[PDB]
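Okay, so here's the structure we're looking at.
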Amino acid sequence: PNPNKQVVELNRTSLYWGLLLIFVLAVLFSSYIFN
Amino acid sequence: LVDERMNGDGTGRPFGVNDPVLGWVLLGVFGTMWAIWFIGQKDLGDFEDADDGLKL
Amino acid sequence: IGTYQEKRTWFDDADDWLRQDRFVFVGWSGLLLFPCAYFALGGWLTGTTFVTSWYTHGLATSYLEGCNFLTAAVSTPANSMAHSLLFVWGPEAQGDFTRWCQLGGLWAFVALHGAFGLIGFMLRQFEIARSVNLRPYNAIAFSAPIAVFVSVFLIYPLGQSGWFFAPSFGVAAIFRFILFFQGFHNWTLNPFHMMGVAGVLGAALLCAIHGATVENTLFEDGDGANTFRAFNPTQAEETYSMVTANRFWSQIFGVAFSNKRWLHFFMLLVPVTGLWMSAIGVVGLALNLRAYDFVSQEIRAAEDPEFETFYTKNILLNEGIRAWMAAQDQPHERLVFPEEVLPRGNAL
Amino acid sequence: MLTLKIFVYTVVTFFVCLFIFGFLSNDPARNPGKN
Amino acid sequence: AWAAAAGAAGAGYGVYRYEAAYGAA
Amino acid sequence: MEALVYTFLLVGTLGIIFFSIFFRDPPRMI
Amino acid sequence: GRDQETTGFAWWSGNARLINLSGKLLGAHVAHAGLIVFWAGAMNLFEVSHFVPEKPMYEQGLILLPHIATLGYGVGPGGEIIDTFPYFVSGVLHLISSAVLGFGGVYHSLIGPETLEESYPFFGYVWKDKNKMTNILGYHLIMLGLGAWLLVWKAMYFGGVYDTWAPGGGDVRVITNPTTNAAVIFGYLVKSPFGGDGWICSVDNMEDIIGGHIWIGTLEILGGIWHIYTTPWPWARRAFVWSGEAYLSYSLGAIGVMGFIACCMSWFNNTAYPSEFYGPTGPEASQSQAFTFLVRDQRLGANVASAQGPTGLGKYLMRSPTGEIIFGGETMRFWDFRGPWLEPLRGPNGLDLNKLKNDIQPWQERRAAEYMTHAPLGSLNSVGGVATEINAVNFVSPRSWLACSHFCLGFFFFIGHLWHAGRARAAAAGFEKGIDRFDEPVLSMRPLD
Amino acid sequence: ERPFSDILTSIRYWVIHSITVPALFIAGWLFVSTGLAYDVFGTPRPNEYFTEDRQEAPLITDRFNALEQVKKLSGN
Amino acid sequence: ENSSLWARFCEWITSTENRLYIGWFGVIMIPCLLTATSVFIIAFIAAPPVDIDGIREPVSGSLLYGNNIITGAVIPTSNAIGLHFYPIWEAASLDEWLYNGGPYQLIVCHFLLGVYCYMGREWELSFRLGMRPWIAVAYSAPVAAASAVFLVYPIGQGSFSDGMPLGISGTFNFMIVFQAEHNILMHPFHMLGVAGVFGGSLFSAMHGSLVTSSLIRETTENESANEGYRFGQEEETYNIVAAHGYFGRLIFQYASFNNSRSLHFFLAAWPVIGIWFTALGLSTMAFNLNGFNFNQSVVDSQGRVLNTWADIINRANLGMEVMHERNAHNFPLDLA
Ligand SMILES: CCCCCCCCCCCCCCCCCC(=O)OC[C@H](CO[C@@H]1O[C@H](CO[C@H]2O[C@H](CO)[C@H](O)[C@H](O)[C@H]2O)[C@H](O)[C@H](O)[C@H]1O)OC(=O)CCCCCCCCCCCCCCCCC
Ligand code: CLA
Ligand code: CLA
Ligand code: CLA
Ligand code: CLA
Ligand SMILES: CCCCCCCCCCCCCCCC(=O)OC[C@H](CO[C@@H]1O[C@H](CS(=O)(=O)O)[C@@H](O)[C@H](O)[C@H]1O)OC(=O)CCCCCCCCCCCCCCC
Ligand SMILES: CC1=C(/C=C/C(C)=C/C=C/C(C)=C/C=C/C=C(C)/C=C/C=C(C)/C=C/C2=C(C)CCCC2(C)C)C(C)(C)CCC1
Ligand SMILES: CC1=C(/C=C/C(C)=C/C=C/C(C)=C/C=C/C=C(C)/C=C/C=C(C)/C=C/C2=C(C)CCCC2(C)C)C(C)(C)CCC1
Ligand SMILES: CC1=C(\C=C/C(C)=C/C=C/C(C)=C/C=C/C=C(C)/C=C/C=C(C)/C=C/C2=C(C)CCCC2(C)C)C(C)(C)CCC1
Ligand code: OEX
Ligand SMILES: [Cl-]
Ligand SMILES: [Cl-]
Ligand SMILES: [Fe+2]
């Protein structure tokens, strides 16, 4: 019965920013990771 | 010679045509679509009097 | 005061005079900003005008020498001073002002008072936002110019062999530090600068678009052709159609902002994330942890004499920058290159 | 190659004549603002 | 309507039509 | 092999662009 | 004068106050046309005063004197300047005419009537009157048409113009046979703009230039008479905006292309812009270098045909991608360069190396060596080499100033097109002041657009 | 009080700033034209860059003994 | 019905109810920028190597020829072609087109003709939505800078091989070679362009933070503050007086913009004018005007050269130009 219970929300525009961010970083950095 | 070219790289041809069918492409496609615009000109307004544009 | 009513000490008599709504706000931070920022600007304008760089660098950098605005600078100390702070009471200068200027100690005068000036300016805008009772986002954005300044002017030379390889405070002097990082660090290729470009050059896009989207979706709130007159900052309604602005870009670019608060935070976010990433790359270059080489394309281009990319062209251009400037860029090395040992293409 | 050139000149002049006769087909009246 | 200097006569109200509620411009 | 990984990261980025336009969360007015 | 609240225009857009003020707008243009003639008088006499005869015309930073030299006033064979007094008369006749244009420009701006509609009905105009606008358009085409016949009369009858392609070297040549063939004249216009064509920047002789101005002179006299006696047809009512800012934006997009054309005209062409007066072109100086070291090394005992470069293509002579024997090096890109010093060495099958091993003339290597040290690269403070060059000479080519100024002016006037054509189309539609806030047209559209 | 436009238009501003402002410009003119700027800041005059000992650029090359070395590099 | 075939096509092209607006500029833009997009992706992945320099050494730029995302590029056209027009049908084989840099000139011709029409339909939808027009004037500044690198600088230098390569590391080569030949850093129009993107990044963070720091309390601390704005609400979600009255105490009171409409004009005009200059600066150096050359400017008595920082830039400049295009030059002056 913790009164400090919260929920996380993530709308689809934040999904589209998040998925883009980890693919663009994978487009960027993996050229260096595969070297 | 060795291969086959079109040989028009620096020849300065009018609209870049060298087979006469290319000029009829230019007139056919312009003429087909001038005619579609001309027949469809009855839906664009009859701007017949003198003060009949988008003016200010 | 404090809802318990103590008697005011001399602090409260000093706090209300500093936090006074006069013409220029001093505040408590102004005891740190205004002495330091006046001496960074005063040190830069004196050093570019009068102070030589003939001993630290072997090259003239003042207006009194013959330089103009582009080529004059307050140049870094020699590589023989290592990371010496070059206090005028220091072991190198030893009280003499006219030799402290010749030893390049006026560089570290500007760099240290500029560094504590940036602390004084960032504390200024915490202090004003607590007076005005706003949110502190103007200061948090200024963490990124402090992230750039500390990582380039302070953190980078501390990892190198001295304050020599710091940027000198000038126009053409920044430009060689820029050309130093291409030739030596291959700093365009570093993916932290790539995130730094996309932040800086993407905030310039957001500045130009949000400025033009607002200015072209304005409501007709006036009669005349000057649309700047049809505004009062105490109005409760938006001055431009956000709904028209959304439908415009959702059909031009396909994706538009629908939230005005997310837009202006995204304008906040892009230049700050861009500069913090680029500051990490200069931290990496302080240790010479470069993103210099793709080793899989160096092994191939050395085992195949016809494999040329624009990458291997860039590696050859950096060899040109390194050998042709370092007889004059690094005079402490005292390296003489005979003209037949420097790299050279055909007929140039 | 000439078959490709005839095709591109049919294609490009199709879209250029859409452009030209589109603005001749009463573009300035396609405003929402009435006078 | 007072017919401003590029044609395009003004649609009724003057400059900053919220002066009645806000008082300035 | 890595070129297969490169194109998958480029196709995957162009996939998110396609979904962010044609399957965006639509802005509800009022 | 006039203020803001009586117009709705601030001080920074106050020439827009005199849109519907016909007389004030007339004095605005006549005083501005005074400035164009005043600059052309003042900068001419500035260039006459600073002309030094023991230096080339292109070395001295002269951009207006090569235009009067191209007409053939005061030039000799080979581009030698005979006298400078014909350049002085052109400077004074503009500097005196600028006071006359300056007077009536100041007159109609201050004393003359604000709108000349009710008192002077011939000069009066409303912007929406499509007859009167074509009437004024027809008057000025006849002025442009008769102005184009001044170049034809000066080339055919009044002493001739400078032909840099003349037999015996370049001098002033009366153009007795201008080319009036429509297949040749209208063949430049439909030519591609790319390499080997250069749209109308490759016009290679003065007979096409003068014969082309016969065509542009007659068509503008005929097209002026056409617009005086006609009104725009109903399809033209349907396509255009009929405001004064629209007519400006139509002129701004037309003149911004013309700035781009004269940018590439002065950079590439060396017939209407002779190299004796304007200096070598970009292609001319790069081809002059390969010609200079080809003559330098034939005399030092080397077969320049059989000489293989470090890449294997040929150090001095290589083959064009269409099969012409051209100069080797990075100047393979400028192989379609033609020059009056180079074309005597060129046969059908490209350059003729039999003609080029035996019949290099001493005047050709004089001139090509001049063009190599006057390449159109410089600096902004007029240094005169590559960016890696010390302060030795004082040179930026006029072609480098004429192209760079007129790309920038051509770029901004395309921006001025996009400004005013967007505004005049929107101001005629009614929403140039903003969204109406009562009927916002997005609010009457279906969402999920 | 005094909002930056009743100062610049006041004549008492210009009965001060037409005397102190030119005498401060001349004070800057004479700080350099009397050669004192070359002495205070230690910038070398155009006849002081190269002594007879060296004909090259100076090099400080010593940390704790730089104070008397730059006296020897300058030629004093 | 009464409406013809062409009239129902015009009401569909100019329809504001399409998801992506087309317009009459979009009947040019869409088949242009789908042509250049399709041939970019195929040539970035699978194009065979390209003789960029015209000296019959090919340069690889494709993922299938041993490149990654950074070093891959669509290589510019051959130097032997120059400014000549080289479509597919002017080649003998398709592989000769691929060898001579043919894909580059097809991308660049369709990309430039597509961004001129992207700018055209940003005007057009503004006119269809009842907007004021000049978002297109703001987009003319990246259009001019794209036009400078792919069209105008090749026109001035006389070859599309001097155009910008279509890739990441190919761009970097284009910048480094540019600074050796033209000294772009010492050019004032590039200096103004840097002031436009450093100012435009300052002002994006400045205007972006003052609005964020003036948000009216609408939500709790358990939900983002971006929830406090509703799309389509007519009230104004932040305090402009508190934002203006904060930047007023930060430096000066009359150094701020109390007018939010005047604020957003300056917010648009600082990057756009700055990029307008660096697009022209690149286009003036296209004609070899070049950057300031202060080399051997400071000279002491007895006529001897004192170096400056510009002389050190020259040592970095002439290191690149003795190494760029290292086999092209048979002659000592890089006039091309
Ligand atoms: C190497 C070569 C390369 C090619 C050549 C390249 C260069 C070509 C440049 C040529 C010049 C082009 C200029 C064209 C201007 C068109 C302007 C226009 O919008 O023009 C608009 C006007 C409109 O005219 C008016 O249009 C009106 C429309 O009426 C309609 O609507 C009315 C109400 O509005 C009434 O209801 C009426 O009953 C109804 O009919 C009226 O009919 C008027 O009578 C009529 O005068 O058109 C007109 O004046 C006539 C327009 C000019 C003639 C067009 C000919 C097109 C080509 C024909 C050949 C085709 C060949 C096909 C080959 C097939 C095999 C392959
Ligand atoms: C080529 C430049 C040019 C020209 C020809 C004009 C012309 C004009 N402007 Mg514009 N203007 C310009 C640039 C120009 N302007 C610029 C750059 C700005 C922005 C600062 C403006 C801002 C502006 C505003 C805000 C307004 C005008 C107005 C006017 C008109 C009335 C002038 C008047 O009453 O002044 C009276 C001023 C004077 C008499 C001062 C003396 C100036 C004289 C003319 C100088 C002549 C010197 C010359 C050497 C004389 C030679 C004489 C000859 C015999 C040799 C006039 C037609 C007004 C308008 O629209 O009218 C309805 C108006 O309200 N202008
Ligand atoms: C547009 C056509 C044009 C062209 C091609 C030239 C070309 C030339 N001129 Mg001429 N000139 C022109 C217009 C032109 N000028 C005009 C309009 C004037 C009247 C002012 C003159 C007056 C003039 C004189 C008096 C002299 C020349 C000289 C020269 C030569 C060298 C110029 C130089 O070093 O510039 C250096 C480069 C610049 C000054 C850059 C100009 C950039 C401008 C200032 C825009 C800057 C942007 C800025 C942000 C906008 C400002 C406004 C903003 C603050 C609000 C060169 C042949 C000289 C010469 O050779 O004489 C024989 C010479 O003595 N010109
Ligand atoms: C300053 C010059 C000028 C101006 C502004 C006008 C303005 C006008 N003219 Mg006039 N005209 C002029 C000179 C001028 N004219 C001259 C010199 C002639 C004699 C040749 C004519 C003969 C003339 C006739 C016979 C007619 C006009 C008409 C018109 C009107 C509409 C024109 C239009 O929409 O074209 C739009 C142009 C097109 C749709 C053609 C397509 C253009 C594309 C780009 C292809 C062009 C190919 C061509 C061969 C050029 C190739 C090179 C090019 C790429 C640079 C407008 C009022 C019409 C009108 O209403 O008048 C009563 C009309 O019927 N004009
Ligand atoms: C012959 C061309 C022409 C003509 C007649 C007009 C006429 C007009 N314009 Mg347009 N305009 C033009 C070209 C033209 N413009 C171009 C090329 C541009 C793009 C730059 C614009 C951009 C423009 C804007 C943005 C606006 C106008 C406006 C106006 C109106 C009032 C302008 C005024 O009072 O200026 C006042 C003059 C000034 C305030 C001084 C400006 C000086 C600038 C800083 C340049 C300084 C010169 C400098 C040496 C050039 C450096 C660049 C160089 C490197 C090339 C009037 C209808 C205004 C209007 O009411 O719209 C209808 C308006 O808001 N114009
Ligand atoms: C092939 C392209 C290139 C490959 C790219 C690979 C990487 C892709 C990364 C992005 C993945 C998707 C991110 C999240 C999308 C989202 O949440 O949409 C939300 C919308 C919800 O809208 C609502 O959906 C409702 C249906 S329902 O509620 O979902 O049942 C519907 O009724 C309503 O109209 C609608 O508004 O989803 C849909 O409309 C349909 C369901 C989408 C299912 C996910 C697809 C996963 C990708 C598979 C593609 C093939 C991969 C293998 C081959 C390469
Ligand atoms: C309206 C106005 C304006 C404008 C104005 C103008 C633009 C004017 C113009 C004017 C002009 C345009 C003028 C001119 C003049 C000229 C003159 C006055 C001349 C004279 C001449 C002479 C004097 C000569 C001499 C000589 C000789 C004979 C030879 C030798 C040399 C000499 C030089 C000596 C302004 C903007 C201000 C503003 C608003 C108002
Ligand atoms: C002198 C000379 C010459 C000649 C020339 C000529 C003869 C010219 C002419 C020219 C021409 C003859 C030109 C024309 C032009 C035209 C144009 C450029 C057009 C434009 C168009 C437009 C602009 C349109 C638009 C639109 C559309 C699209 C549709 C309709 C409507 C609108 C408006 C929308 C030569 C070269 C031989 C040589 C040198 C010198
Ligand atoms: C360092 C030092 C010191 C001393 C002193 C000082 C701190 C001083 C300051 C000083 C200063 C604080 C100075 C200032 C200066 C300024 C200037 C030098 C400015 C100039 C300006 C100009 C040159 C401008 C021009 C122009 C322009 C560009 C814009 C507007 C217009 C005109 C044209 C006018 C001390 C003891 C602390 C300690 C040791 C170190
Ligand atoms: O193309 Mn790309 O970079 Ca105008 O310089 Mn010569 O060419 Mn080439 O080398 Mn250096
Ligand atoms: Cl070469
Ligand atoms: Cl290279
Ligand atoms: Fe905003």
Side-chain angles (χ1 to χ4, degrees), chain B residues 13-17 20-35 37-48, chain C residues 225-227 308 310 312-314 316-317 320 345, chain D residues 9 13 20-21 23-25, chain E residues 5-6, chain G residues 7-19 25 28-29 32 186 189-190 233-236 238-239 244-245 247-249 251-252 255-256 259 404-420 423-424 427 432, chain I residues 4 52-53 59 134 137 140 173-174 176-177 180 189 265 269 273 276-277 280-281 284 320-321 323-328:
Chain B
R13 299 299 300 274
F15 293 100
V17 306
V21 67
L22 289 171
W24 289 101
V25 162
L26 297 172
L27 292 175
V29 178
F30 179 78
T32 304
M33 299 175 70
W34 177 71
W37 181 76
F38 194 88
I39 295 166
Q41 197 173 0
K42 65 182 179 66
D43 299 326
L44 301 171
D46 191 1
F47 287 168
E48 188 67 31
Chain C
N226 192 4
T227 60
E308 191 168 3
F310 285 118
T312 60
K313 292 179 179 291
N314 287 321
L316 287 174
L317 292 173
Chain D
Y9 287 13
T13 53
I20 291 171
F21 292 108
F23 289 107
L24 284 173
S25 68
Chain G
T7 50
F9 295 106
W11 64 273
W12 49 264
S13 68
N15 295 321
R17 294 173 182 168
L18 41 94
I19 290 172
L25 186 61
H29 290 88
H32 185 275
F186 289 93
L189 294 170
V190 297
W233 301 114
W235 62 269
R238 194 181 291 117
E245 191 179 2
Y247 303 151
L248 173 58
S249 68
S251 297
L252 284 171
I255 203 173
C404 291
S405 63
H406 287 86
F407 192 84
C408 293
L409 292 163
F411 167 66
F412 282 120
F413 284 30
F414 174 74
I415 301 304
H417 175 76
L418 298 176
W419 184 266
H420 291 287
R423 189 180 184 276
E432 84 277 19
Chain I
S4 66
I52 176 174
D53 197 74
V59 170
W134 308 294
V137 177
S140 66
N173 193 6
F174 174 77
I176 288 164
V177 172
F189 286 171
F265 172 69
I273 294 169
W276 276 344
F277 281 114
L280 290 178
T284 56
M320 308 181 290
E321 68 94 20
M323 294 300 289
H324 88 289
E325 295 179 351
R326 64 192 182 275
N327 296 313

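Atoms within a ligand are numbered from 1 in the order they appear, just like the ligands themselves. Residue numbers begin at 1 in each chain, while the letters A, B, ... track the order of the sequences. Side-chain atoms are counted along with the backbone in the values below, which use heavy atoms only and exclude waters and symmetry mates.
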Please tabulate, line by line, the atom pairs linking an N/O of ligand 1 to a protein N/O at a distance below 3.5 Å, with the distance in Å to 0.1, or answer 'none'.
from     : atom 1 : to    : atom 2 : distance (Å)
ligand 1 : 26 (O) : B/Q41 : OE1    : 3.3

- Query: Short check: is a protein heavy atom less than 4.0 Å from atom 19 (C) of ligand 5?
  - Reply: yes
- Sequence neighbours excluded, which residues qualify as side-chain contact (heavy atoms from CB on, under 4.5 Å) partners of G/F186? G/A182, G/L189, G/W215, G/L219
- Task: Report yes if some heavy atom in the side chain of B/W37 is under 4.5 Å from a heavy atom in the side chain of B/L44; otherwise report no.
- Result: yes
- Scan the protein's non-hydrogen atoms and note whether one is under 4.0 Å from atom 44 (C) of ligand 5. no
- Any chance you could lay out the side-chain contact (heavy atoms from CB on, under 4.5 Å) test for G/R238 and D/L24, step after step, and finish with the verdict? CA-CA 7 Å; G/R238 194 181 291 117; D/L24 284 173; over 6 Å; no
- Pull out every atom of ligand 5 sitting under 4.0 Å from any heavy atom of G/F412, numbered as shown with elements. 17 (C), 19 (C), 52 (C), 55 (C)
- Item | Minimum heavy-atom distance I/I52-I/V59, with the two atoms named | CG2-CG2, 3.7 Å
- Aromatic contact, G/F407 with G/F412 (centres under 6.0 Å): no
- Task: Could you tell me the residue and atom name of the protein heavy atom closest to atom 63 (C) of ligand 5, and the distance to it rounded to 0.1 Å?
- Result: G/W419 NE1, 3.7 Å
- Message: To check you understand the geometry: which heavy-atom pair defines the closest contact between B/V17 and D/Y9, and what is its length?
- Response: CG1-CE2, 4.4 Å
- Item | Winner among G/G416, G/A10, G/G410, E/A5 once heavy atoms are compared against atom 21 (C) of ligand 5 | G/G416
- Query: Do any non-hydrogen protein atoms sit less than 4.0 Å from atom 4 (C) of ligand 5?
  - Reply: yes
- Which atoms of ligand 5 sit under 4.0 Å from any heavy atom of G/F413? 17 (C)
- Item | Any protein heavy atom < 4.0 Å from atom 50 (C) of ligand 5 | no
- Query: Which pair of heavy atoms, one from I/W134 and one from G/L418, lies closest together, and at what distance?
  - Reply: CD1-O, 4.1 Å
- Message: When you measure from atom 26 (C) of ligand 5 to the protein, is at least one non-hydrogen atom found at a distance under 4.0 Å?
- Response: yes
- Message: Could you tell me if the side chain of D/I20 sits less than 4.5 Å from the side chain of B/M33, heavy atoms only?
- Response: no
- Nearest neighbour of atom 32 (C) of ligand 5 from the list G/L18, G/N15, I/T284, G/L25, on a heavy-atom basis: G/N15
- Counting only heavy atoms not in I/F265, do more than 12 sit closer than 6.0 Å to its CZ atom? no
- Note on the structure: Taking only non-hydrogen atoms of G/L248 and a 4.0 Å limit, the atoms of ligand 5 in range are 3 (C), 4 (C), 5 (C), 6 (C), 7 (C)
- Distance to 0.1 Å, residue and atom name: give those for the protein heavy atom nearest to atom 2 (C) of ligand 5. G/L252 CD2, 3.6 Å
- Item | Nearest-0.5 Å distance, OG1 of residue C/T227 to CD of residue G/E432 | 10.5 Å
- Working to the nearest 0.5 Å, report the span between CG of C/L317 and CD of I/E321. 11.0 Å
- Query: How far is atom 31 (C) of ligand 5 from its nearest protein heavy atom, and which residue and atom name does that atom have?
  - Reply: G/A16 N, 3.4 Å
- Could you grab the distance from atom NE2 of G/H417 to atom CD1 of G/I255, nearest 0.5 Å is fine? 13.0 Å
- Message: Is there a polar contact between ligand 5 and G/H420, counting only N or O atoms under 3.5 Å apart?
- Response: yes
- 4.0 Å protein heavy-atom contact status of atom 58 (C) of ligand 5, strictly under: yes
- Query: In the protein, what heavy atom is nearest to atom 60 (O) of ligand 5, and what distance, to one decimal place, separates them?
  - Reply: G/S13 CB, 3.3 Å
- Message: Is any side-chain heavy atom of I/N327 closer than 4.5 Å to one of I/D53?
- Response: no
- Nearest non-hydrogen partners of G/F9 and G/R17, listed with the distance: O-NH2, 2.9 Å
- re atom 39 (C) of ligand 5, the protein heavy-atom contact at minimum distance is G/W12 O, 3.4 Å
- Query: Are any non-hydrogen protein atoms located under 4.0 Å from atom 7 (C) of ligand 5?
  - Reply: yes
- Considering heavy atoms of the protein only, find what lies nearest to atom 62 (C) of ligand 5 and give residue, atom and distance to 0.1 Å. G/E245 OE2, 3.4 Å
- Classify the side-chain pair I/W276/I/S140 by whether it contains a donor and acceptor separated by less than 3.5 Å. yes
- Message: Any nitrogen or oxygen of G/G14 lying under 3.5 Å from a nitrogen or oxygen in ligand 5? Just yes or no.
- Response: yes
- Message: Give me the atom names and distance for the closest heavy-atom approach of G/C404 to I/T284.
- Response: SG-O, 3.2 Å
